[PDB]
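In the form deposited in one PDB entry, a lone chain appears below as structure tokens.
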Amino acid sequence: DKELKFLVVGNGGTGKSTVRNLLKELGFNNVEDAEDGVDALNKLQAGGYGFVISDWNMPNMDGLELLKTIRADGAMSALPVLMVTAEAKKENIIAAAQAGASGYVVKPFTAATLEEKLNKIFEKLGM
């Protein structure tokens, strides 16, 4: 369903766009936003989301702490999380894998790339 709810945490810029704008071309209109990990966790208690897209670098609470926290929450631990960054570091990619992320993408990227990503995650999660 194109009725799947996204939560776009962080700045969300992509180079010539924004995550929320690229989602609309793929057909995903049901999206809300958060500014950092703390804002994200508050909104997440309202319940009803099905996928999260987050920045690595954010103020107050970064992408990694956010991710270990969603994974420990017995209520949303099976929640899909795709990491977004503009600095590719082996050490950050390793850390995100063992912490339980569903993917990793390096900006700038286009609608093409986000589609291959989303699809691959839908398949390995079976949804």
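Residue numbers here begin at 1 and follow the sequence given.
**Q** Using the B-factors recorded in the PDB entry, average over the C-alpha atoms of 12-20 and of 99-107, then report which stretch comes out higher.
**A** If you average the C-alpha B-factors of 12-20 and of 99-107, the larger mean comes out for 12-20.
**Q** Going by the average Cα B-factor in the PDB entry, point out whether 84-92 or 67-75 comes out higher.
**A** Higher of the two, by average CA B-factor, is 84-92.
**Q** From the list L26, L41, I53, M61, select the residue with the highest C-alpha B factor recorded in the entry.
**A** Of the options given, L26 has the highest CA B-factor in the PDB entry.
One more form of this protein, deposited with a partner chain bound, exists but is not displayed; see below.
**Q** With a cut-off of 4.5 Å between heavy atoms, is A97 one of the residues that contacts its partner chain in the bound PDB entry?
**A** Because a heavy atom of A97 falls inside 4.5 Å of its partner chain in the bound PDB entry, the answer is yes.
**Q** Does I93 reach its partner chain in the bound PDB entry if we count a contact as any heavy atom within 4.5 Å?
**A** Yes.
**Q** Does any part of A88 reach within 4.5 Å of its partner chain in the bound PDB entry? Heavy atoms only, please.
**A** The answer is yes: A88 has a heavy atom within 4.5 Å of its partner chain.
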